[PDB]
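Structure file final29.cif; described as mmCIF, C-alpha atoms.
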data_run
#
loop_
_atom_site.group_PDB
_atom_site.id
_atom_site.type_symbol
_atom_site.label_atom_id
_atom_site.label_comp_id
_atom_site.auth_asym_id
_atom_site.auth_seq_id
_atom_site.Cartn_x
_atom_site.Cartn_y
_atom_site.Cartn_z
ATOM 1 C CA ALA A 1 94.798 126.899 117.397
ATOM 2 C CA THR A 2 95.602 125.463 114.016
ATOM 3 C CA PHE A 3 98.938 123.805 113.294
ATOM 4 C CA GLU A 4 99.908 122.934 109.780
ATOM 5 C CA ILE A 5 102.436 120.103 109.736
ATOM 6 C CA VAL A 6 104.405 119.884 106.532
ATOM 7 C CA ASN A 7 106.755 117.104 105.470
ATOM 8 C CA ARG A 8 109.393 118.679 103.255
ATOM 9 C CA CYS A 9 111.653 115.679 103.677
ATOM 10 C CA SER A 10 112.315 113.394 100.694
ATOM 11 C CA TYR A 11 111.086 110.446 102.754
ATOM 12 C CA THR A 12 107.769 109.641 104.345
ATOM 13 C CA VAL A 13 107.303 110.551 107.962
ATOM 14 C CA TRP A 14 104.557 109.709 110.324
ATOM 15 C CA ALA A 15 103.655 112.862 112.201
ATOM 16 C CA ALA A 16 102.466 112.579 115.770
ATOM 17 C CA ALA A 17 100.812 115.067 118.096
ATOM 18 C CA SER A 18 100.118 114.332 121.753
ATOM 19 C CA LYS A 19 99.951 116.046 125.091
ATOM 20 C CA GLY A 20 101.219 112.949 126.898
ATOM 21 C CA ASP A 21 97.947 111.426 128.160
ATOM 22 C CA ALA A 22 95.864 112.134 125.012
ATOM 23 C CA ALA A 23 96.134 112.584 121.247
ATOM 24 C CA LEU A 24 95.967 116.056 119.822
ATOM 25 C CA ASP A 25 93.436 115.893 117.013
ATOM 26 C CA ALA A 26 93.810 112.477 115.332
ATOM 27 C CA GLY A 27 97.223 112.099 117.034
ATOM 28 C CA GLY A 28 99.123 110.890 113.990
ATOM 29 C CA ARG A 29 99.113 110.512 110.247
ATOM 30 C CA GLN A 30 101.347 109.469 107.411
ATOM 31 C CA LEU A 31 102.916 112.383 105.530
ATOM 32 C CA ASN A 32 104.437 111.605 102.149
ATOM 33 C CA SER A 33 107.056 113.989 100.848
ATOM 34 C CA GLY A 34 105.365 117.327 100.399
ATOM 35 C CA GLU A 35 102.149 116.545 102.214
ATOM 36 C CA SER A 36 100.604 118.938 104.730
ATOM 37 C CA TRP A 37 98.358 117.969 107.602
ATOM 38 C CA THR A 38 96.333 120.650 109.380
ATOM 39 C CA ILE A 39 95.302 119.932 112.947
ATOM 40 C CA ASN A 40 93.275 121.796 115.530
ATOM 41 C CA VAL A 41 94.621 122.032 119.083
ATOM 42 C CA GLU A 42 92.288 123.045 121.911
ATOM 43 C CA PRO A 43 93.150 126.459 123.406
ATOM 44 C CA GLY A 44 94.697 126.071 126.802
ATOM 45 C CA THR A 45 96.627 122.950 125.799
ATOM 46 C CA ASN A 46 99.613 122.630 128.088
ATOM 47 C CA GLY A 47 102.592 120.377 127.297
ATOM 48 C CA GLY A 48 101.734 119.531 123.671
ATOM 49 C CA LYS A 49 104.360 117.964 121.469
ATOM 50 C CA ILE A 50 104.631 117.321 117.764
ATOM 51 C CA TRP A 51 107.254 115.042 116.272
ATOM 52 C CA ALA A 52 108.026 112.869 113.294
ATOM 53 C CA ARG A 53 108.444 109.170 113.252
ATOM 54 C CA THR A 54 110.536 107.314 110.692
ATOM 55 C CA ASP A 55 110.411 103.891 109.123
ATOM 56 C CA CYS A 56 107.018 102.894 110.344
ATOM 57 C CA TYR A 57 104.880 99.846 109.410
ATOM 58 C CA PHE A 58 101.244 99.836 110.468
ATOM 59 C CA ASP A 59 98.487 97.318 109.722
ATOM 60 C CA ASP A 60 94.882 98.244 108.792
ATOM 61 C CA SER A 61 93.971 98.621 112.516
ATOM 62 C CA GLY A 62 96.698 101.408 112.889
ATOM 63 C CA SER A 63 99.011 99.130 114.922
ATOM 64 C CA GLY A 64 102.662 98.633 114.111
ATOM 65 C CA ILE A 65 106.176 99.906 114.857
ATOM 66 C CA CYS A 66 108.406 102.878 113.934
ATOM 67 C CA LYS A 67 112.190 103.043 114.185
ATOM 68 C CA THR A 68 112.112 106.511 115.749
ATOM 69 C CA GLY A 69 109.397 108.125 117.837
ATOM 70 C CA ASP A 70 107.171 105.049 118.216
ATOM 71 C CA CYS A 71 104.274 105.794 120.600
ATOM 72 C CA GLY A 72 103.347 102.328 121.885
ATOM 73 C CA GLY A 73 102.865 100.870 118.415
ATOM 74 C CA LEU A 74 99.974 103.140 117.326
ATOM 75 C CA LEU A 75 99.496 105.267 114.207
ATOM 76 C CA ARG A 76 97.398 107.658 116.281
ATOM 77 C CA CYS A 77 99.559 108.553 119.259
ATOM 78 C CA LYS A 78 98.070 109.078 122.707
ATOM 79 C CA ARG A 79 101.413 109.037 124.454
ATOM 80 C CA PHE A 80 104.816 110.555 123.714
ATOM 81 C CA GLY A 81 107.207 108.757 121.410
ATOM 82 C CA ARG A 82 110.313 106.759 122.115
ATOM 83 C CA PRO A 83 113.545 108.739 121.568
ATOM 84 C CA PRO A 84 115.249 109.815 119.501
ATOM 85 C CA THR A 85 112.709 112.504 118.569
ATOM 86 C CA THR A 86 113.259 116.090 117.675
ATOM 87 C CA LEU A 87 110.385 117.819 119.548
ATOM 88 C CA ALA A 88 108.183 120.784 118.810
ATOM 89 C CA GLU A 89 106.819 121.755 122.218
ATOM 90 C CA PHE A 90 104.061 124.178 123.066
ATOM 91 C CA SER A 91 101.856 125.455 125.787
ATOM 92 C CA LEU A 92 98.932 127.519 124.564
ATOM 93 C CA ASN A 93 96.992 130.402 126.169
ATOM 94 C CA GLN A 94 99.010 130.455 129.369
ATOM 95 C CA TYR A 95 98.016 133.748 130.987
ATOM 96 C CA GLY A 96 97.432 135.333 127.586
ATOM 97 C CA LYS A 97 100.620 133.968 125.935
ATOM 98 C CA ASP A 98 101.699 130.946 123.881
ATOM 99 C CA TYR A 99 105.118 129.354 124.510
ATOM 100 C CA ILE A 100 106.897 127.354 121.834
ATOM 101 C CA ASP A 101 110.282 125.670 121.591
ATOM 102 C CA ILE A 102 112.208 122.978 119.895
ATOM 103 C CA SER A 103 113.962 120.471 122.101
ATOM 104 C CA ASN A 104 116.774 117.973 121.623
ATOM 105 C CA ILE A 105 116.407 116.701 125.214
ATOM 106 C CA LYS A 106 115.003 113.446 123.784
ATOM 107 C CA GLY A 107 117.473 113.376 120.939
ATOM 108 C CA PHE A 108 117.075 114.171 117.296
ATOM 109 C CA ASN A 109 115.681 112.224 114.365
ATOM 110 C CA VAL A 110 114.437 114.715 111.790
ATOM 111 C CA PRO A 111 115.277 118.432 111.209
ATOM 112 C CA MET A 112 112.466 120.808 112.011
ATOM 113 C CA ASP A 113 111.263 124.376 111.771
ATOM 114 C CA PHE A 114 108.592 125.516 114.149
ATOM 115 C CA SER A 115 107.187 128.941 113.151
ATOM 116 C CA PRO A 116 104.049 131.012 113.856
ATOM 117 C CA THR A 117 101.851 131.621 110.833
ATOM 118 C CA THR A 118 100.280 134.642 112.614
ATOM 119 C CA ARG A 119 102.054 137.908 113.562
ATOM 120 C CA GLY A 120 104.035 138.843 116.680
ATOM 121 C CA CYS A 121 106.884 136.369 117.337
ATOM 122 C CA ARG A 122 109.648 134.533 115.442
ATOM 123 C CA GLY A 123 110.086 130.823 114.789
ATOM 124 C CA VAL A 124 112.829 128.414 115.826
ATOM 125 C CA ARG A 125 114.622 125.794 113.855
ATOM 126 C CA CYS A 126 116.992 122.908 114.256
ATOM 127 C CA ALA A 127 118.035 121.938 110.715
ATOM 128 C CA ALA A 128 121.630 120.819 111.105
ATOM 129 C CA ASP A 129 122.755 117.321 110.210
ATOM 130 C CA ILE A 130 122.785 116.038 113.749
ATOM 131 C CA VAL A 131 122.409 112.463 112.633
ATOM 132 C CA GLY A 132 125.453 112.513 110.348
ATOM 133 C CA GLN A 133 127.629 114.233 112.976
ATOM 134 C CA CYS A 134 126.184 112.299 115.955
ATOM 135 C CA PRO A 135 128.836 110.986 118.409
ATOM 136 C CA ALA A 136 129.289 107.242 118.067
ATOM 137 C CA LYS A 137 127.930 106.381 121.539
ATOM 138 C CA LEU A 138 124.729 108.381 120.897
ATOM 139 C CA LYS A 139 123.942 106.914 117.447
ATOM 140 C CA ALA A 140 120.699 104.989 117.397
ATOM 141 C CA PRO A 141 120.852 101.876 115.081
ATOM 142 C CA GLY A 142 117.246 102.643 114.106
ATOM 143 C CA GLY A 143 118.271 106.080 112.787
ATOM 144 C CA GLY A 144 118.718 109.230 114.809
ATOM 145 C CA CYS A 145 120.905 110.606 117.527
ATOM 146 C CA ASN A 146 119.913 109.833 121.077
ATOM 147 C CA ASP A 147 120.324 112.169 124.014
ATOM 148 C CA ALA A 148 122.727 111.115 126.718
ATOM 149 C CA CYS A 149 119.988 110.644 129.316
ATOM 150 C CA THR A 150 118.334 107.982 127.193
ATOM 151 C CA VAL A 151 121.618 106.173 126.553
ATOM 152 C CA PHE A 152 123.406 106.361 129.912
ATOM 153 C CA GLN A 153 120.653 106.908 132.495
ATOM 154 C CA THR A 154 122.741 109.006 134.902
ATOM 155 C CA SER A 155 121.549 111.702 137.267
ATOM 156 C CA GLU A 156 123.854 114.156 135.479
ATOM 157 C CA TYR A 157 122.460 113.611 131.996
ATOM 158 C CA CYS A 158 118.851 113.158 133.140
ATOM 159 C CA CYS A 159 119.096 116.090 135.604
ATOM 160 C CA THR A 160 117.312 113.923 138.142
ATOM 161 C CA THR A 161 118.339 115.972 141.209
ATOM 162 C CA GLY A 162 117.358 119.203 139.473
ATOM 163 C CA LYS A 163 121.025 120.110 139.534
ATOM 164 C CA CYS A 164 123.050 119.266 136.477
ATOM 165 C CA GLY A 165 125.294 121.070 134.061
ATOM 166 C CA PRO A 166 125.985 120.930 130.387
ATOM 167 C CA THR A 167 127.947 117.907 129.177
ATOM 168 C CA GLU A 168 130.091 116.941 126.267
ATOM 169 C CA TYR A 169 126.977 115.385 124.777
ATOM 170 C CA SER A 170 124.629 118.265 125.420
ATOM 171 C CA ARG A 171 127.209 120.669 123.963
ATOM 172 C CA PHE A 172 127.181 118.711 120.702
ATOM 173 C CA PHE A 173 123.416 119.257 120.316
ATOM 174 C CA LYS A 174 123.815 122.869 121.313
ATOM 175 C CA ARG A 175 126.684 123.593 118.904
ATOM 176 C CA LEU A 176 124.649 122.293 115.957
ATOM 177 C CA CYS A 177 121.316 123.720 117.115
ATOM 178 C CA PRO A 178 121.701 126.664 119.456
ATOM 179 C CA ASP A 179 117.966 127.467 119.345
ATOM 180 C CA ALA A 180 116.875 124.079 120.701
ATOM 181 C CA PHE A 181 117.018 122.858 124.303
ATOM 182 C CA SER A 182 120.088 120.628 124.663
ATOM 183 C CA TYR A 183 119.576 119.479 128.266
ATOM 184 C CA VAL A 184 116.969 119.905 130.962
ATOM 185 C CA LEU A 185 118.456 123.071 132.548
ATOM 186 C CA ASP A 186 119.673 124.671 129.347
ATOM 187 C CA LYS A 187 119.130 128.415 129.172
ATOM 188 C CA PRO A 188 115.558 128.608 127.753
ATOM 189 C CA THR A 189 115.124 129.059 124.016
ATOM 190 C CA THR A 190 111.384 129.355 124.594
ATOM 191 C CA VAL A 191 109.710 131.851 122.327
ATOM 192 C CA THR A 192 106.737 133.844 123.653
ATOM 193 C CA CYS A 193 104.001 134.419 121.117
ATOM 194 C CA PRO A 194 100.572 136.062 121.395
ATOM 195 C CA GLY A 195 97.859 133.883 122.920
ATOM 196 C CA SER A 196 95.980 131.915 120.236
ATOM 197 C CA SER A 197 98.663 132.166 117.565
ATOM 198 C CA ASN A 198 98.690 129.572 114.786
ATOM 199 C CA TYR A 199 101.717 127.629 113.682
ATOM 200 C CA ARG A 200 103.460 125.561 111.058
ATOM 201 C CA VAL A 201 105.842 122.701 111.821
ATOM 202 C CA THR A 202 108.007 121.857 108.841
ATOM 203 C CA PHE A 203 110.077 118.664 108.724
ATOM 204 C CA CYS A 204 113.297 119.011 106.768
ATOM 205 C CA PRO A 205 112.832 122.752 106.322
ATOM 206 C CA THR A 206 115.991 123.193 104.197
#
Show how you would write the structure in this file as structure tokens.
Amino acid sequence: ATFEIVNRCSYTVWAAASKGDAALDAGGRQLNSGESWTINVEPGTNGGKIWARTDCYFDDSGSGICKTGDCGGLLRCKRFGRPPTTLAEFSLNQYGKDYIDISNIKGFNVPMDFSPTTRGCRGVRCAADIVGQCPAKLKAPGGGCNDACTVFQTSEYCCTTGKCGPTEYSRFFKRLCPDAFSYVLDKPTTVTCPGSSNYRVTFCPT
């Protein structure tokens, strides 16, 4: 499947794509304002994520630091990024279907649209100003709005026992972005697309 990743933000982002134990494609790249990066993702990929990282510094070996979404100090991510990170999540070719969603379970850093570029399903978006509205205790100094699990490390926020409910903090994410997952057991906002669809992830879509 092909994913086009577009930075419509006014600032540079460093896109990342990983399935947790491996890069997808090159695994990350700098995207200046307006730049588009097309990647290929192996059919059958399960548990892929795309995200943006902000305020990164990398040397010539691709080693450095980002203020949001840092994946162990690498330009080319192999692992998932440190919250807060708005996440585009997908599982491809799962019994003939693709499943996509946007999640705020690991917080929010950059607004995002995640849309098929082929026919037969609709996209999802979280484009509200979550950072500006972020509750004080969730605000990350680096930029971004952390989820409550990351900040407080309770069973309730992290849904560790597999039983948990919505919280004041999850409801904030949900009020601003109803189409994104706000906590682990949120009612699914997963969209089902045809197997082998193609997609575009747009940072700062509006």
Per residue of stretch 115-197 of chain A within 12 Å of stretch 77-94 of chain A, which atom pair is closest and at what distance in Å (one decimal), using only C-alpha atoms, listed by chain and increasing number, as JSON lines?
{"residue": "A:115", "atom": "CA", "partner": "A:88", "partner_atom": "CA", "distance": 10.0}
{"residue": "A:116", "atom": "CA", "partner": "A:90", "partner_atom": "CA", "distance": 11.5}
{"residue": "A:123", "atom": "CA", "partner": "A:88", "partner_atom": "CA", "distance": 11.0}
{"residue": "A:124", "atom": "CA", "partner": "A:88", "partner_atom": "CA", "distance": 9.4}
{"residue": "A:125", "atom": "CA", "partner": "A:88", "partner_atom": "CA", "distance": 9.5}
{"residue": "A:126", "atom": "CA", "partner": "A:86", "partner_atom": "CA", "distance": 8.5}
{"residue": "A:127", "atom": "CA", "partner": "A:86", "partner_atom": "CA", "distance": 10.3}
{"residue": "A:128", "atom": "CA", "partner": "A:86", "partner_atom": "CA", "distance": 11.6}
{"residue": "A:130", "atom": "CA", "partner": "A:86", "partner_atom": "CA", "distance": 10.3}
{"residue": "A:131", "atom": "CA", "partner": "A:84", "partner_atom": "CA", "distance": 10.3}
{"residue": "A:134", "atom": "CA", "partner": "A:84", "partner_atom": "CA", "distance": 11.8}
{"residue": "A:138", "atom": "CA", "partner": "A:84", "partner_atom": "CA", "distance": 9.7}
{"residue": "A:139", "atom": "CA", "partner": "A:84", "partner_atom": "CA", "distance": 9.4}
{"residue": "A:140", "atom": "CA", "partner": "A:84", "partner_atom": "CA", "distance": 7.6}
{"residue": "A:141", "atom": "CA", "partner": "A:84", "partner_atom": "CA", "distance": 10.7}
{"residue": "A:142", "atom": "CA", "partner": "A:84", "partner_atom": "CA", "distance": 9.2}
{"residue": "A:143", "atom": "CA", "partner": "A:84", "partner_atom": "CA", "distance": 8.3}
{"residue": "A:144", "atom": "CA", "partner": "A:84", "partner_atom": "CA", "distance": 5.9}
{"residue": "A:145", "atom": "CA", "partner": "A:84", "partner_atom": "CA", "distance": 6.0}
{"residue": "A:146", "atom": "CA", "partner": "A:84", "partner_atom": "CA", "distance": 4.9}
{"residue": "A:147", "atom": "CA", "partner": "A:84", "partner_atom": "CA", "distance": 7.2}
{"residue": "A:148", "atom": "CA", "partner": "A:84", "partner_atom": "CA", "distance": 10.5}
{"residue": "A:149", "atom": "CA", "partner": "A:83", "partner_atom": "CA", "distance": 10.3}
{"residue": "A:150", "atom": "CA", "partner": "A:83", "partner_atom": "CA", "distance": 7.4}
{"residue": "A:151", "atom": "CA", "partner": "A:83", "partner_atom": "CA", "distance": 9.8}
{"residue": "A:173", "atom": "CA", "partner": "A:86", "partner_atom": "CA", "distance": 11.0}
{"residue": "A:177", "atom": "CA", "partner": "A:86", "partner_atom": "CA", "distance": 11.1}
{"residue": "A:179", "atom": "CA", "partner": "A:88", "partner_atom": "CA", "distance": 11.9}
{"residue": "A:180", "atom": "CA", "partner": "A:87", "partner_atom": "CA", "distance": 9.1}
{"residue": "A:181", "atom": "CA", "partner": "A:87", "partner_atom": "CA", "distance": 9.6}
{"residue": "A:182", "atom": "CA", "partner": "A:86", "partner_atom": "CA", "distance": 10.8}
{"residue": "A:189", "atom": "CA", "partner": "A:89", "partner_atom": "CA", "distance": 11.2}
{"residue": "A:190", "atom": "CA", "partner": "A:90", "partner_atom": "CA", "distance": 9.1}
{"residue": "A:191", "atom": "CA", "partner": "A:90", "partner_atom": "CA", "distance": 9.6}
{"residue": "A:192", "atom": "CA", "partner": "A:91", "partner_atom": "CA", "distance": 9.9}
{"residue": "A:193", "atom": "CA", "partner": "A:92", "partner_atom": "CA", "distance": 9.2}
{"residue": "A:194", "atom": "CA", "partner": "A:93", "partner_atom": "CA", "distance": 8.2}
{"residue": "A:195", "atom": "CA", "partner": "A:93", "partner_atom": "CA", "distance": 4.8}
{"residue": "A:196", "atom": "CA", "partner": "A:93", "partner_atom": "CA", "distance": 6.2}
{"residue": "A:197", "atom": "CA", "partner": "A:92", "partner_atom": "CA", "distance": 8.4}
Discussion item. With the PyMOL selection byres ((chain A and resi 25) around 9) as the selection, what would be picked from this file? Answer as an MDAnalysis selection string, please.
Written reply: chainID A and resid 17:18 23:24 26:28 39:42
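Across A:48, A:21, A:37, A:67, the tightest approach to residue A:100 is made by A:48 when counting only C-alpha atoms.
Across A:46, A:159, A:110, A:103, the tightest approach to residue A:14 is made by A:110 when counting only C-alpha atoms.
Using all atoms listed in the file, the smallest distance between any of A:203, A:108, A:99, A:114 and residue A:3 comes from A:114.
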Item to complete: Name every residue that the PyMOL selection byres ((chain A and resi 30) around 7) selects in this structure, writing the answer as a PyMOL selection string with chains first and numbers rising.
Response: chain A and resi 13-15+29+31-32
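Residue nearest residue A:56 within the list A:178, A:73, A:188, A:44: A:73 [criterion: smallest interatomic distance, all atoms listed in the file].
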Discussion item. Can you measure atom CA of residue A:76 to atom CA of residue A:184 for me? One decimal in Å is fine.
Written reply: 27.4 Å
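Ranking A:112, A:185, A:9, A:105 by their shortest atom-to-atom distance to residue A:172, with only C-alpha atoms included, puts A:105 first.
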Discussion item. When you count only C-alpha atoms, which of these residues is closest to residue A:2: A:135, A:71, A:206, A:198?
Written reply: A:198
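For the atom pair formed by atom CA of residue A:75 and atom CA of residue A:107, the distance is 20.8 Å, given to one decimal.
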Response to the item:
Separating atom CA of residue A:163 from atom CA of residue A:49, to the nearest tenth of an Å, is a gap of 24.7 Å
